[PDB]
> 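So that we are looking at the same thing, I have put the structure below in C-alpha cells.
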Amino acid sequence: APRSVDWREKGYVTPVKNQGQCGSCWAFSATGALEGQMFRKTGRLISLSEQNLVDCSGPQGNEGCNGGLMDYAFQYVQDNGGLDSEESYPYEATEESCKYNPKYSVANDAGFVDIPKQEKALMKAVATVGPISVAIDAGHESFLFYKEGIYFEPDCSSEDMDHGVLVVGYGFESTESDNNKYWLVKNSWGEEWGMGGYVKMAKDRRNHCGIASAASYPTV
Ligand SMILES: *[C@@H](O)[C@H](CCCC)NC(=O)[C@H](CC(C)C)NC(=O)OCc1ccccc1
C-alpha cells in the first residue's frame, strides 16, 4: 500500500462539523463515509444530514443522541431509499420526530462492508476505497486537549470504543520515540478542537484506541 494517503486532497471530504452536546458522533462518522463514497460515484461532494439519521434511524438500531452505530446508519439509508442533504435538513443537536422528505434526498447506499479487525486491513481499505468510518476510545482528557502531533494514550482501550470518527488517510512524521505512523482522523467537535478539527492517531501500535476494531464503509 502507499506510505501516505489523504482523501481531502482528492475532494472526498466536507469541512469539519460540530455535533454539539448530542451523542451523535456515529451519525457524523456515517455521513462522512457516505459523503466520500457518493463523491467517488458522482464527482459531487454534498454535505449530508446527520439530523435525518438522528431522528429517523431508530428502526435500524440507533438511539439518537444516546448513541448509535455507523452500520445501522448505512442500513437506514438503504432501507429508507435515501438521505436528505445537510442544507435541507439542518443539524439541531437534539432528537425529534423524523422529517425525512424524499424530494430532498441526495444520497443512497446499497449496504455496507465491514473491514477485518486488523490495522493492515484498515490500511488497505483507506488506500483503495476512500474515507472509512471507525470507532475509537476517545474517553480520555488527553483527547480533549489534543493540539498537534501523533496522539498516543497508554490507557486507551482496543476493545471498548465510545466515539465514531472518520479516517481520511494516514501518513508518518518523525518523532522522539520513533513511533512515526498515524491515521488521519476527522472528528465532529468543530474546527477549534485538535488540528483544525483533525487528529493524527497512532498507527500500527497494537490497534491503538481500537481504530481497526469496528471499521466499515457504505456500498454506493
Ligand atoms: C458519540 O458522540 C457517541 C456518544 C454516546 C453517549 C451519549 N458514541 C456512540 O454513539 C458510540 C459510537 C460507536 C462506538 C461507534 N456508540 C454508542 O454509544 O452506542 C450505544 C448503542 C449501541 C448500539 C445501539 C444503540 C446504542
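Each residue takes its place number in the sequence, starting with 1. In listed order, ligands and their atoms are each counted from 1.
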> Can you tell me if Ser88 and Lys103 form a side-chain donor-acceptor pair at under 3.5 Å?
no
> Judged by modelled atom types alone, do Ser57 and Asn62 share a side-chain donor-acceptor pair under 3.5 Å?
yes
> Among all protein heavy atoms, pick the one closest to atom 3 (C) of ligand 1 and tell me residue, atom and distance.
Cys25 SG, 2.7 Å
> Can a donor-acceptor pair be found between the side chains of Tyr151 and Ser142 at a distance below 3.5 Å?
yes
> Do the side-chain N and O atoms of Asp109 and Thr219 include a donor-acceptor pair separated by under 3.5 angstrom?
no
> Closer than 4.0 Å to some heavy atom of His163 - which atoms of ligand 1 meet that?
1 (C), 14 (C)
> Test your reading of the model: is there a side-chain donor-acceptor pair from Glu50 to the backbone of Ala30, 3.5 Å cut-off?
no
> Please say whether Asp162 places an N or O atom under 3.5 Å from an N or O atom belonging to ligand 1.
yes
> Check the side chains of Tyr91 and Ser24 for a donor-acceptor pair under 3.5 angstrom, ignoring hydrogens and angles.
yes
> Could you identify the single nearest non-hydrogen protein atom to atom 4 (C) of ligand 1 and state the distance to 0.1 Å?
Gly23 CA, 3.8 Å
> Verify the contact flag for atom 22 (C) of ligand 1, where contact means a protein heavy atom under 4.0 Å away.
no
> Does only the side chain of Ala214 get under 4.0 Å from ligand 1, or the backbone, or both, or neither? Count heavy atoms.
neither
> When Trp189 is tested against each of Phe28, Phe143, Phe145 for ring pair (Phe, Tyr, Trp, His ring centres under 6.0 Å), which residue passes?
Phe143
> I need the nearest protein heavy-atom contact for atom 6 (C) of ligand 1: residue, atom name and distance, please.
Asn66 O, 4.5 Å
> If you have a sec, work out which protein heavy atom is nearest atom 7 (C) of ligand 1 and how many Å separate them, to one decimal?
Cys65 O, 3.4 Å
> Using heavy atoms and a 4.0 Å limit, tell me yes or no: is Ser188 in contact with ligand 1?
no
> In the protein, what heavy atom is nearest to atom 18 (O) of ligand 1, and what distance, to one decimal place, separates them?
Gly67 CA, 3.9 Å
> For ligand 1, which atoms, with element, lie under 4.0 Å from some heavy atom of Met161?
14 (C)
> Quick one: pull up OG in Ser157 and CD1 in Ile136 and give me the separation to the nearest 0.5 Å.
11.5 Å
> How far is atom 24 (C) of ligand 1 from the closest protein heavy atom, and which atom is that?
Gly61 O, 3.3 Å
> Looking only at distances, please establish whether an N/O atom of ligand 1 is found under 3.5 Å from an N/O atom of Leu69.
no
> Heavy atoms only: which of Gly58, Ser24, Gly68 is nearest to atom 17 (C) of ligand 1?
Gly68
> For atom 26 (C) of ligand 1, what is the nearest protein heavy atom, given as residue, atom name and distance?
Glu63 CD, 3.7 Å
> Would a distance-only check, ignoring hydrogens and angles, find a side-chain to backbone donor-acceptor pair under 3.5 Å from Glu148 to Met195?
no
> So, regarding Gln19 and ligand 1 (criterion: nitrogen or oxygen to nitrogen or oxygen, under 3.5 Å), is there a contact or not?
yes
> With a cut-off of 4.0 Å, which atoms of ligand 1 are near a heavy atom of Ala135?
14 (C), 15 (C)
